[PDB]
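Novice: Below is one structure. I have some questions about it.
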Amino acid sequence: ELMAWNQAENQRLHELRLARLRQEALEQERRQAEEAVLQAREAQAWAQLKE
Amino acid sequence: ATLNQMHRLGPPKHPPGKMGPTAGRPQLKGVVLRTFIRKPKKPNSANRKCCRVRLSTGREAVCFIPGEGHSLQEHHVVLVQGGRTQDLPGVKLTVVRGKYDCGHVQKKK
Amino acid sequence: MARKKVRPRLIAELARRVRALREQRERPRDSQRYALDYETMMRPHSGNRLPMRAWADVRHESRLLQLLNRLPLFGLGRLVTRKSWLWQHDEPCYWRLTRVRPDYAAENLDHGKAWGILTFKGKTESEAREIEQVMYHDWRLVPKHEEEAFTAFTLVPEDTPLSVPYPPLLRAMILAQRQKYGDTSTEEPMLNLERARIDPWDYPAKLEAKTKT
Amino acid sequence: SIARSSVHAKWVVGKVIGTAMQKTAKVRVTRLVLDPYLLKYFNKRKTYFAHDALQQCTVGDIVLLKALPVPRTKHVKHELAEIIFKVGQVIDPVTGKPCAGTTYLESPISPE
Amino acid sequence: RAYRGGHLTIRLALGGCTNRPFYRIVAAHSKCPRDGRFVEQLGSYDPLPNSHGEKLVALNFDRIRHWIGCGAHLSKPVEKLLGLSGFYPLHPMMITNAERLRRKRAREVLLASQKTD
Amino acid sequence: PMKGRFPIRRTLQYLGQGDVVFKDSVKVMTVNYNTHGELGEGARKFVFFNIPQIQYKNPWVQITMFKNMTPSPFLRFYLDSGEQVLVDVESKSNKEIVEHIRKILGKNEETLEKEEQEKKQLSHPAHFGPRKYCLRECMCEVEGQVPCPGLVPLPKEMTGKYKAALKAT
RNA sequence: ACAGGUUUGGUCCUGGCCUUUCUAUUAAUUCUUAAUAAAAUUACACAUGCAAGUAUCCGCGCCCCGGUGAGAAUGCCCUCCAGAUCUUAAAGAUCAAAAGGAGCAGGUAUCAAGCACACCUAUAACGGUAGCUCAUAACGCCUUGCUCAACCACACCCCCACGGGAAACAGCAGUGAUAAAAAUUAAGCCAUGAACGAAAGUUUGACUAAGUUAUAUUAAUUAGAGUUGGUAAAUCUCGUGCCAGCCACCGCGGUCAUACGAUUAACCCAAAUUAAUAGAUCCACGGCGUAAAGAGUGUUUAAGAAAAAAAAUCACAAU
RNA sequence: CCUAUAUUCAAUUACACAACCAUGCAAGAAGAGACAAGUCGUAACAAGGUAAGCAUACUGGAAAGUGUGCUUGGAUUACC
Ligand SMILES: [Mg+2]
Ligand SMILES: [Mg+2]
Ligand SMILES: [Mg+2]
Ligand SMILES: [Mg+2]
Ligand SMILES: [Mg+2]
Ligand SMILES: [Mg+2]
Ligand SMILES: [Mg+2]
Ligand SMILES: [Mg+2]
Ligand SMILES: [Mg+2]
Ligand SMILES: [Mg+2]
Ligand SMILES: [Mg+2]
Ligand SMILES: [Mg+2]
Ligand SMILES: [Mg+2]
Ligand SMILES: [Mg+2]
Ligand SMILES: [Mg+2]
Ligand SMILES: [Mg+2]
Ligand SMILES: [Mg+2]
Ligand SMILES: [Mg+2]
Ligand SMILES: [Mg+2]
Ligand SMILES: [Mg+2]
Ligand SMILES: [Mg+2]
Ligand SMILES: [Mg+2]
Ligand SMILES: [Mg+2]
Ligand SMILES: [Mg+2]
Ligand SMILES: [Mg+2]
Ligand SMILES: [Mg+2]
Ligand SMILES: [Mg+2]
Ligand SMILES: [Mg+2]
Ligand SMILES: [Mg+2]
Ligand SMILES: [Mg+2]
Ligand SMILES: [Mg+2]
Ligand SMILES: [Mg+2]
Ligand SMILES: [Mg+2]
Ligand SMILES: [Mg+2]
Ligand SMILES: [Mg+2]
Ligand SMILES: [Mg+2]
Ligand SMILES: [Mg+2]
Ligand SMILES: [Mg+2]
Ligand SMILES: [Mg+2]
Ligand SMILES: [Mg+2]
Ligand SMILES: [Mg+2]
Ligand SMILES: [Mg+2]
Ligand SMILES: [Mg+2]
Ligand SMILES: [Mg+2]
Ligand SMILES: [Zn+2]
């Protein structure tokens, strides 16, 4: 009874986690857009200087 | 120290008592080799009455004779006890008065 | 027990083997063993002195192999009784000899190991067994004609009550105890003596080692 | 049904110290012992020899030991049951996914 | 300690003080000393009559018969005591000594009436 | 005790008062936790506070910690059957972990009370002997009985010397 | 520890030593009677007596009890039980060898390496890998009974006991020797226990009851010991003159000594009182600029901490 | 070996061995401590009359002296 109960519990928590992680993935892609922008800018500045 | 170090060394343990002149025994029986006189240390002066004795353990030691006056010759057997005489450097033993060949001090007559 | 530095004692084993060997090799013939001085009533071998109550029966009676040595087949199928049984038990007490293995170191051939089937107080055992207290002098042989006179047995039933009262306190305990659980039966609690049957001390014990089941 | 070991150790978990011997893993099991003066818990370590049938054990793996009913030798009282954590390669028992340290190697939220 | 042989036995261990005896009824190995180690204490026996004129015996009957139920032999005074309780039949020697005592009383009665004359 | 961050937890009392008693199935508990992240927090606190309590009442159970192996905190219990309980502890508080574990494999207060009840019937009030095991030694010390003669010297008649000196003459 | 004395011309700090409490032996001085308890120098040598027999012969018993602490870091706690014994058909139950290990377990690291101390294969051998223990103390050396309803170990010596030295009280009494160390060459099996006996019962220096001894309690019949500079309760007059002597620590004695010796008085314990020796107790969860103490420097291993928020990087005389 | 049992044996051989320890005694050697109201100086303490000292080297009846780096647990009294 209790082992099955614990099983159920761990599965519930697993779902909660999966939700949280998808969220984090979204926020992370947003970060990636930001970083992409900055690195593009500085790549341009450097290309200019060297040219 | 830290907790780790205190665990590593264990709790402090009281060192066993180093044993003295009479070797853990309350008294010792011994025979008188010689009787002589010893000057005390510097702050205060007399000449104390001492003897040399050989003890049941075979160790020969200087020993002190309490009370005023005494009769002791070579070969006399005596009983000695632990009390250390403060004036006399190096003399850790004391003749028991009133046993074997050393009698109680005789009241003046 | 086990401490990592433990020493290998060899001489323990040596003393064991050597003592077992000197035991088997020097193992005494029962001829010299049960040999007896009849004047002092003293065994030479063991230095043992015999019980006072056993004195008369030593002088006036003969051991089994003293009466079995002058028998033709060395007494096979014969019937033998014991003086103490004759005196104490009026019902027939006898040994039917199956095998007899005498000891030949004996000059007079008075000693040996015996086997057989027993009838005590008329009751007969169904098996072969080694005979006990052979060296004793109680032993007597019954003649061929009086044989059927001794084996004649009047079968009588046993009158000892099968059940007895419980001791007073134990009884009261049982009563109160079944009273507690709602048992109203006032029927007297009874002690069943059926398996409490014990042989009298005269009954010979078996010398054969027990098989563990 | 009698199969037993007289050893208190029936189930343990320990690190793999060394693989040097044939079909045998040396394993350091570590327990919490209470230092009585300080009333505090420290790690006592003890080594066990475990039977590895397939020689499956790298050095550094976290491993479960089951007590052997009959001792293989004086020093081998245990058998290697499971490899709980393979060294440098670990599949998270919770989410069933490969991970290097606290990072996921394959995301549990990207099934396809 | 390990012995060669011997049996489980219920006996009297003598606890006590000079001229004031007391007995702990005890489940013991046979070969170990009297007052010494024991398997279990069963009961206690106070030989001296108290304020009310009583010798107190306490017996743990459950455990007593557990141990007799395990094949424990009783000592003669243990027997005498259990029989006095009525947990056991009266030991034959209790009764026999009772008779011997009665005959002693009879011969002392007659000797008294013979000396009075 | 002075040294340490939360010195109270090195006290005999604190260790005694933690209540979890594992079933007899439980042999090994493995804690796997992290030293960083907000989520793993409770787990850490657990390792810091209750792990000592737990281990104190379960002296024969092996407890082992592993740090920064898995990205997520959890417990594993190894039973005598070969059964493996996996307990995820994530955003769970310290207390929640304790109560949840006590729930899964605990011992009901019934169980524990029956056990201690069996241990308390071990010492029997009526026995006699050493002060260590017994309430009384002589029966000299029970009220109505005859006193220890080393307290109250006996009447001359109860003395064996008097009885022997009488039988002699 | 409820603390106290003592470093200095003096203060504060640090820091030893000692005092005050309790127990045991011995010794000195004193000692009236009971009861109880306990009885202890010695694993050196032992005169004499006794300590195991029972039982109609077989047998069953005969270091079991009792003795002792020599040895061994021996071991405690805990697994698992062959065997022996008892009872019974079996099953049970008591004692539990060997084998084991979660944990605990004397000192010493100026004992740091041990030197074969592992595993596999399989058939039980051939053979094959090259391991195993250890700074979380291996391997040594020294000291030692114990964690006590008890346990462990020894049984003249050579760990053992075939053999060999050699002729055995470490059973009760005793005796030499030895030591500061001093119980009766005693009475009973009446009671418990043990052995043997079917049983009446017999045996038992186990034990019961006695003998001895201020060793300790208690009760009353019993008064003596120590002390009186400070710590620390309590002193007067003589004698002595750095002499004779005294003291646990400080110290006292050089002609006006409450400190020596004696007297008077007092104090305090009391059938005991002091001394000596061992214990019990007592060090650091405290410290490390100047007092004992941050190891001349950096790196990694083992082992730990990560406990909440971030960082790596630019004039100048590194090498 | 028509019931059944009886009897025998189990000791050597190959080497190494007081090294190695511990415990006494010792011709002798060296040190420390205690020690004159002794002899010779004056090193240190005050810029101790050449500031002390550390490491190291060499030297000297004796404290000690001198070299080379280092320390302040020395001063330079501070609009000089
Ligand atoms: Mg002076
Ligand atoms: Mg003195
Ligand atoms: Mg005298
Ligand atoms: Mg006999
Ligand atoms: Mg007594
Ligand atoms: Mg002080
Ligand atoms: Mg000073
Ligand atoms: Mg001064
Ligand atoms: Mg005396
Ligand atoms: Mg004495
Ligand atoms: Mg003993
Ligand atoms: Mg040794
Ligand atoms: Mg068994
Ligand atoms: Mg065992
Ligand atoms: Mg010893
Ligand atoms: Mg020996
Ligand atoms: Mg001897
Ligand atoms: Mg021997
Ligand atoms: Mg003797
Ligand atoms: Mg003997
Ligand atoms: Mg003598
Ligand atoms: Mg005398
Ligand atoms: Mg008797
Ligand atoms: Mg009797
Ligand atoms: Mg006698
Ligand atoms: Mg006294
Ligand atoms: Mg004086
Ligand atoms: Mg004067
Ligand atoms: Mg004074
Ligand atoms: Mg005076
Ligand atoms: Mg300090
Ligand atoms: Mg310093
Ligand atoms: Mg530095
Ligand atoms: Mg240095
Ligand atoms: Mg100079
Ligand atoms: Mg100047
Ligand atoms: Mg100068
Ligand atoms: Mg100068
Ligand atoms: Mg000059
Ligand atoms: Mg200067
Ligand atoms: Mg220099
Ligand atoms: Mg020069
Ligand atoms: Mg020059
Ligand atoms: Mg200035
Ligand atoms: Zn009493």
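Following the order of the structure tokens, first chain is A, next is B, and so on, with residues numbered from 1 inside each chain and ligands from 1 in the order they appear.
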Report as a list in words all protein, DNA and RNA residues lying within 6 Å of stretch 18-34 of chain G, evaluated on only C-alpha atoms (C1' of nucleotides), omitting residues in the same chain fewer than 5 positions from it.
Specialist: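 Listing them by chain and then by number gives residues 180, 222, 224 and 249 of chain G.
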Novice: Output the selection as a PDB file, in the first residue's frame - N, CA, C and O atoms (P, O5', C5', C4', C3', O3' and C1' of nucleotides) for each residue.
Specialist:
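Ended up saving to part_31.pdb:
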```
ATOM      1  P     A G 180      60.003  -5.082  53.516  1.00  0.00           P
ATOM      2  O5'   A G 180      58.708  -4.734  54.385  1.00  0.00           O
ATOM      3  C5'   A G 180      58.809  -4.133  55.671  1.00  0.00           C
ATOM      4  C4'   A G 180      57.482  -3.553  56.123  1.00  0.00           C
ATOM      5  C3'   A G 180      56.300  -4.512  56.171  1.00  0.00           C
ATOM      6  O3'   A G 180      56.274  -5.296  57.354  1.00  0.00           O
ATOM      7  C1'   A G 180      55.646  -2.492  55.107  1.00  0.00           C
ATOM      8  P     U G 222      32.844   1.298  81.278  1.00  0.00           P
ATOM      9  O5'   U G 222      33.390   2.806  81.309  1.00  0.00           O
ATOM     10  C5'   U G 222      33.616   3.592  80.139  1.00  0.00           C
ATOM     11  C4'   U G 222      34.654   2.999  79.210  1.00  0.00           C
ATOM     12  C3'   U G 222      35.502   4.009  78.430  1.00  0.00           C
ATOM     13  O3'   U G 222      36.717   4.330  79.102  1.00  0.00           O
ATOM     14  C1'   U G 222      34.486   2.479  76.920  1.00  0.00           C
ATOM     15  P     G G 224      42.958   8.934  79.048  1.00  0.00           P
ATOM     16  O5'   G G 224      44.020   8.860  77.856  1.00  0.00           O
ATOM     17  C5'   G G 224      44.333   7.622  77.227  1.00  0.00           C
ATOM     18  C4'   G G 224      44.262   7.698  75.713  1.00  0.00           C
ATOM     19  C3'   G G 224      45.009   8.835  75.023  1.00  0.00           C
ATOM     20  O3'   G G 224      46.409   8.628  74.936  1.00  0.00           O
ATOM     21  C1'   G G 224      42.878   8.583  74.036  1.00  0.00           C
ATOM     22  P     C G 249      55.964  20.975  51.403  1.00  0.00           P
ATOM     23  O5'   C G 249      55.380  22.351  50.862  1.00  0.00           O
ATOM     24  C5'   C G 249      54.965  22.496  49.515  1.00  0.00           C
ATOM     25  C4'   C G 249      54.159  23.753  49.359  1.00  0.00           C
ATOM     26  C3'   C G 249      54.832  25.010  49.884  1.00  0.00           C
ATOM     27  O3'   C G 249      55.747  25.590  48.977  1.00  0.00           O
ATOM     28  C1'   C G 249      52.661  24.887  50.764  1.00  0.00           C
TER      29        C G 249
END
```
Novice: Quick one: which residues from chain E are at most 12 Å off chain G, using only C-alpha atoms (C1' of nucleotides), as an MDAnalysis selection string?
Specialist: chainID E and resid 1:41 45 47 66:73 75:78 92:93 96:97
Novice: Once you have the residues from the selection above, write them out as an mmCIF file, in the first residue's frame, restricted to C-alpha atoms.
Specialist:
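Written file, part_1.cif:
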```cif
data_model
loop_
_atom_site.group_PDB
_atom_site.id
_atom_site.type_symbol
_atom_site.label_atom_id
_atom_site.label_comp_id
_atom_site.auth_asym_id
_atom_site.auth_seq_id
_atom_site.Cartn_x
_atom_site.Cartn_y
_atom_site.Cartn_z
ATOM 1 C CA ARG E 1 30.989 -21.044 31.429
ATOM 2 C CA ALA E 2 31.093 -24.127 29.172
ATOM 3 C CA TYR E 3 30.750 -27.462 31.030
ATOM 4 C CA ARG E 4 31.009 -31.132 29.920
ATOM 5 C CA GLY E 5 27.497 -32.119 30.955
ATOM 6 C CA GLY E 6 24.823 -31.678 33.583
ATOM 7 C CA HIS E 7 21.184 -30.616 33.505
ATOM 8 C CA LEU E 8 18.675 -27.810 33.992
ATOM 9 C CA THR E 9 17.661 -27.828 37.710
ATOM 10 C CA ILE E 10 15.263 -25.854 39.965
ATOM 11 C CA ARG E 11 16.824 -25.465 43.419
ATOM 12 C CA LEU E 12 17.330 -23.180 46.421
ATOM 13 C CA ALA E 13 20.074 -20.544 46.194
ATOM 14 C CA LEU E 14 21.060 -19.416 49.696
ATOM 15 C CA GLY E 15 20.933 -15.657 49.974
ATOM 16 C CA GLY E 16 21.488 -14.452 53.482
ATOM 17 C CA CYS E 17 23.162 -13.158 56.579
ATOM 18 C CA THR E 18 24.599 -15.103 59.535
ATOM 19 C CA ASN E 19 21.777 -16.869 61.510
ATOM 20 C CA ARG E 20 19.255 -15.197 59.165
ATOM 21 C CA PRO E 21 18.814 -17.421 56.054
ATOM 22 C CA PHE E 22 16.778 -16.690 52.923
ATOM 23 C CA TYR E 23 16.296 -18.662 49.673
ATOM 24 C CA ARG E 24 15.940 -17.603 46.061
ATOM 25 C CA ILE E 25 14.160 -20.383 44.131
ATOM 26 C CA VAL E 26 16.207 -20.634 40.971
ATOM 27 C CA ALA E 27 16.356 -22.181 37.492
ATOM 28 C CA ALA E 28 20.049 -23.041 37.194
ATOM 29 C CA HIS E 29 22.524 -25.291 35.408
ATOM 30 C CA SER E 30 23.460 -28.222 37.701
ATOM 31 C CA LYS E 31 27.273 -27.814 37.581
ATOM 32 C CA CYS E 32 27.520 -24.065 38.405
ATOM 33 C CA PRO E 33 27.934 -22.901 42.067
ATOM 34 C CA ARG E 34 24.988 -22.717 44.514
ATOM 35 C CA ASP E 35 24.495 -18.941 44.927
ATOM 36 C CA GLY E 36 26.096 -18.401 41.554
ATOM 37 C CA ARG E 37 24.937 -17.855 37.983
ATOM 38 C CA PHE E 38 21.403 -18.877 37.045
ATOM 39 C CA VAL E 39 19.162 -19.171 33.966
ATOM 40 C CA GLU E 40 16.144 -17.628 35.700
ATOM 41 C CA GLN E 41 14.924 -16.827 39.214
ATOM 42 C CA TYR E 45 11.477 -18.775 50.259
ATOM 43 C CA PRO E 47 12.516 -19.867 56.277
ATOM 44 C CA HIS E 66 7.439 -23.988 31.653
ATOM 45 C CA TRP E 67 10.805 -25.288 32.949
ATOM 46 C CA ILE E 68 9.466 -28.643 34.294
ATOM 47 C CA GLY E 69 7.793 -28.645 30.872
ATOM 48 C CA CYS E 70 11.322 -28.331 29.443
ATOM 49 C CA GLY E 71 12.524 -31.256 31.560
ATOM 50 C CA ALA E 72 14.017 -29.494 34.576
ATOM 51 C CA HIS E 73 14.707 -31.661 37.664
ATOM 52 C CA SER E 75 15.674 -30.636 44.256
ATOM 53 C CA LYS E 76 14.204 -32.499 47.246
ATOM 54 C CA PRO E 77 13.318 -29.331 49.245
ATOM 55 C CA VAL E 78 11.907 -27.770 46.024
ATOM 56 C CA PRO E 92 6.528 -39.532 50.124
ATOM 57 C CA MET E 93 9.261 -38.486 52.578
ATOM 58 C CA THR E 96 7.088 -40.811 56.136
ATOM 59 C CA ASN E 97 8.862 -38.275 58.391
#
```
Novice: With only C-alpha atoms (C1' of nucleotides) as the counted atoms, please give the residues lying no more than 7 Å from stretch 67-83 of chain D, apart from itself and same-chain residues fewer than 5 positions off, as JSON, numbers by chain.
Specialist: {"D": [3, 4, 5, 9, 10, 11, 49, 50, 51, 52, 62]}
Novice: Would you mind exporting the chosen residues as a PDB file, in the first residue's frame, restricted to N, CA, C and O atoms?
Specialist:
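Output file part.pdb follows:
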```
ATOM      1  N   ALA D   3      18.878 -20.246   3.512  1.00  0.00           N
ATOM      2  CA  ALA D   3      20.098 -19.700   2.924  1.00  0.00           C
ATOM      3  C   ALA D   3      20.469 -18.431   3.695  1.00  0.00           C
ATOM      4  O   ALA D   3      19.729 -17.446   3.671  1.00  0.00           O
ATOM      5  N   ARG D   4      21.616 -18.451   4.371  1.00  0.00           N
ATOM      6  CA  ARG D   4      21.992 -17.354   5.265  1.00  0.00           C
ATOM      7  C   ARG D   4      23.495 -17.075   5.298  1.00  0.00           C
ATOM      8  O   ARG D   4      24.311 -17.900   4.879  1.00  0.00           O
ATOM      9  N   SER D   5      23.837 -15.897   5.815  1.00  0.00           N
ATOM     10  CA  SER D   5      25.202 -15.550   6.200  1.00  0.00           C
ATOM     11  C   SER D   5      25.180 -15.017   7.640  1.00  0.00           C
ATOM     12  O   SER D   5      24.296 -14.234   7.999  1.00  0.00           O
ATOM     13  N   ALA D   9      26.294  -7.770   7.822  1.00  0.00           N
ATOM     14  CA  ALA D   9      26.485  -6.843   6.713  1.00  0.00           C
ATOM     15  C   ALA D   9      25.495  -6.991   5.550  1.00  0.00           C
ATOM     16  O   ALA D   9      25.708  -6.384   4.496  1.00  0.00           O
ATOM     17  N   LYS D  10      24.416  -7.754   5.749  1.00  0.00           N
ATOM     18  CA  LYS D  10      23.664  -8.414   4.669  1.00  0.00           C
ATOM     19  C   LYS D  10      23.490  -7.582   3.394  1.00  0.00           C
ATOM     20  O   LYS D  10      23.598  -8.104   2.279  1.00  0.00           O
ATOM     21  N   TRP D  11      23.234  -6.291   3.564  1.00  0.00           N
ATOM     22  CA  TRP D  11      23.171  -5.362   2.442  1.00  0.00           C
ATOM     23  C   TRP D  11      24.004  -4.123   2.734  1.00  0.00           C
ATOM     24  O   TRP D  11      23.797  -3.465   3.758  1.00  0.00           O
ATOM     25  N   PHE D  49      35.664  -7.413   0.307  1.00  0.00           N
ATOM     26  CA  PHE D  49      35.870  -8.057  -0.979  1.00  0.00           C
ATOM     27  C   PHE D  49      34.514  -8.539  -1.523  1.00  0.00           C
ATOM     28  O   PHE D  49      33.737  -9.193  -0.812  1.00  0.00           O
ATOM     29  N   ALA D  50      34.221  -8.172  -2.773  1.00  0.00           N
ATOM     30  CA  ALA D  50      32.980  -8.592  -3.439  1.00  0.00           C
ATOM     31  C   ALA D  50      33.279  -9.417  -4.696  1.00  0.00           C
ATOM     32  O   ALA D  50      34.233  -9.104  -5.425  1.00  0.00           O
ATOM     33  N   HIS D  51      32.468 -10.451  -4.955  1.00  0.00           N
ATOM     34  CA  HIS D  51      32.602 -11.243  -6.187  1.00  0.00           C
ATOM     35  C   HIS D  51      31.932 -10.526  -7.360  1.00  0.00           C
ATOM     36  O   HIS D  51      30.739 -10.201  -7.328  1.00  0.00           O
ATOM     37  N   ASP D  52      32.732 -10.266  -8.386  1.00  0.00           N
ATOM     38  CA  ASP D  52      32.241  -9.729  -9.641  1.00  0.00           C
ATOM     39  C   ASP D  52      32.382 -10.825 -10.701  1.00  0.00           C
ATOM     40  O   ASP D  52      33.499 -11.188 -11.089  1.00  0.00           O
ATOM     41  N   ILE D  62      29.894   3.585  -7.536  1.00  0.00           N
ATOM     42  CA  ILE D  62      29.119   3.314  -6.328  1.00  0.00           C
ATOM     43  C   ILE D  62      28.281   2.054  -6.546  1.00  0.00           C
ATOM     44  O   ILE D  62      27.568   1.917  -7.544  1.00  0.00           O
TER      45      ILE D  62
END
```
Novice: Using only C-alpha atoms (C1' of nucleotides) and all ligand atoms, find each protein or nucleic acid residue lying at most 10 Å from ligand 7; present the set as a PyMOL selection string.
Specialist: chain G and resi 7-8+14
Novice: Write a file of the selected residues as a PDB file, in the first residue's frame, keeping N, CA, C and O atoms (P, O5', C5', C4', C3', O3' and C1' of nucleotides).
Specialist:
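What landed in out01.pdb:
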```
ATOM      1  P     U G   7      53.785  35.219  47.580  1.00  0.00           P
ATOM      2  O5'   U G   7      54.622  35.383  46.237  1.00  0.00           O
ATOM      3  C5'   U G   7      54.281  34.677  45.050  1.00  0.00           C
ATOM      4  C4'   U G   7      55.518  34.376  44.241  1.00  0.00           C
ATOM      5  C3'   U G   7      56.298  35.600  43.753  1.00  0.00           C
ATOM      6  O3'   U G   7      57.695  35.301  43.774  1.00  0.00           O
ATOM      7  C1'   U G   7      55.700  34.270  41.911  1.00  0.00           C
ATOM      8  P     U G   8      58.750  36.391  44.304  1.00  0.00           P
ATOM      9  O5'   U G   8      58.690  37.531  43.200  1.00  0.00           O
ATOM     10  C5'   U G   8      59.356  38.758  43.417  1.00  0.00           C
ATOM     11  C4'   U G   8      58.583  39.917  42.855  1.00  0.00           C
ATOM     12  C3'   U G   8      58.516  41.137  43.751  1.00  0.00           C
ATOM     13  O3'   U G   8      59.713  41.897  43.733  1.00  0.00           O
ATOM     14  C1'   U G   8      56.373  40.689  42.866  1.00  0.00           C
ATOM     15  P     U G  14      44.399  35.174  32.969  1.00  0.00           P
ATOM     16  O5'   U G  14      45.719  34.392  32.565  1.00  0.00           O
ATOM     17  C5'   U G  14      46.101  34.289  31.206  1.00  0.00           C
ATOM     18  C4'   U G  14      47.504  33.765  31.082  1.00  0.00           C
ATOM     19  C3'   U G  14      47.752  32.389  31.680  1.00  0.00           C
ATOM     20  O3'   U G  14      47.320  31.322  30.853  1.00  0.00           O
ATOM     21  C1'   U G  14      49.444  33.850  32.400  1.00  0.00           C
TER      22        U G  14
END
```
Novice: I want to know what sits within 6 Å of stretch 33-36 of chain B, based on only C-alpha atoms (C1' of nucleotides), with residues of the same chain fewer than 5 positions away left out; could you give that as a PyMOL selection string?
Specialist: chain B and resi 50-53+74
Novice: Neighbouring residues of residue F:107 were defined as those with any atom within 10 Å, considering only C-alpha atoms (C1' of nucleotides); residues of the same chain fewer than 2 positions away were excluded. Please report them as a PyMOL selection string.
Specialist: chain F and resi 19-24+102-105+109-113
Novice: Would you write out those residues with N, CA, C and O atoms, as an mmCIF file, in the first residue's frame?
Specialist:
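Okay, again_14.cif is ready:
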```cif
data_model
loop_
_atom_site.group_PDB
_atom_site.id
_atom_site.type_symbol
_atom_site.label_atom_id
_atom_site.label_comp_id
_atom_site.auth_asym_id
_atom_site.auth_seq_id
_atom_site.Cartn_x
_atom_site.Cartn_y
_atom_site.Cartn_z
ATOM 1 N N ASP F 19 12.291 11.598 16.277
ATOM 2 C CA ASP F 19 11.551 10.339 16.156
ATOM 3 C C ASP F 19 11.310 9.905 14.709
ATOM 4 O O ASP F 19 10.441 10.437 14.008
ATOM 5 N N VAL F 20 12.115 8.929 14.294
ATOM 6 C CA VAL F 20 11.849 8.032 13.178
ATOM 7 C C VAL F 20 12.480 6.700 13.592
ATOM 8 O O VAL F 20 13.653 6.663 13.976
ATOM 9 N N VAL F 21 11.715 5.615 13.522
ATOM 10 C CA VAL F 21 12.266 4.278 13.742
ATOM 11 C C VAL F 21 11.935 3.439 12.510
ATOM 12 O O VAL F 21 10.766 3.167 12.234
ATOM 13 N N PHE F 22 12.960 3.043 11.764
ATOM 14 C CA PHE F 22 12.769 2.265 10.543
ATOM 15 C C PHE F 22 12.164 0.894 10.829
ATOM 16 O O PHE F 22 12.304 0.364 11.938
ATOM 17 N N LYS F 23 11.501 0.310 9.832
ATOM 18 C CA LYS F 23 11.078 -1.078 9.969
ATOM 19 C C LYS F 23 12.328 -1.948 9.857
ATOM 20 O O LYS F 23 13.418 -1.451 9.549
ATOM 21 N N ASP F 24 12.174 -3.246 10.079
ATOM 22 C CA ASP F 24 13.336 -4.124 10.188
ATOM 23 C C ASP F 24 13.799 -4.546 8.798
ATOM 24 O O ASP F 24 14.869 -5.138 8.627
ATOM 25 N N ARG F 102 8.759 8.878 7.708
ATOM 26 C CA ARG F 102 8.150 8.240 8.882
ATOM 27 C C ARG F 102 6.837 7.541 8.503
ATOM 28 O O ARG F 102 6.492 6.481 9.043
ATOM 29 N N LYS F 103 6.117 8.162 7.568
ATOM 30 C CA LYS F 103 4.927 7.577 6.952
ATOM 31 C C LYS F 103 5.254 6.275 6.202
ATOM 32 O O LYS F 103 4.698 5.216 6.528
ATOM 33 N N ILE F 104 6.159 6.353 5.218
ATOM 34 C CA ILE F 104 6.477 5.189 4.382
ATOM 35 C C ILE F 104 6.940 3.984 5.195
ATOM 36 O O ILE F 104 6.173 3.041 5.406
ATOM 37 N N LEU F 105 8.178 4.025 5.685
ATOM 38 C CA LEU F 105 8.626 2.978 6.597
ATOM 39 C C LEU F 105 8.922 3.587 7.971
ATOM 40 O O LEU F 105 10.033 4.037 8.247
ATOM 41 N N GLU F 109 3.056 4.121 16.507
ATOM 42 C CA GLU F 109 3.261 4.350 17.934
ATOM 43 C C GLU F 109 2.775 3.140 18.740
ATOM 44 O O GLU F 109 3.313 2.837 19.810
ATOM 45 N N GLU F 110 1.779 2.441 18.195
ATOM 46 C CA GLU F 110 1.333 1.153 18.727
ATOM 47 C C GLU F 110 2.494 0.167 18.816
ATOM 48 O O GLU F 110 2.764 -0.390 19.880
ATOM 49 N N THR F 111 3.169 -0.035 17.683
ATOM 50 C CA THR F 111 4.311 -0.946 17.572
ATOM 51 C C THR F 111 5.380 -0.659 18.631
ATOM 52 O O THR F 111 5.767 -1.547 19.402
ATOM 53 N N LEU F 112 5.836 0.593 18.668
ATOM 54 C CA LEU F 112 6.870 1.028 19.606
ATOM 55 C C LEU F 112 6.437 0.843 21.071
ATOM 56 O O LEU F 112 7.219 0.360 21.901
ATOM 57 N N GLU F 113 5.193 1.212 21.383
ATOM 58 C CA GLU F 113 4.668 1.071 22.746
ATOM 59 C C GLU F 113 4.548 -0.392 23.186
ATOM 60 O O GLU F 113 4.777 -0.716 24.356
#
```
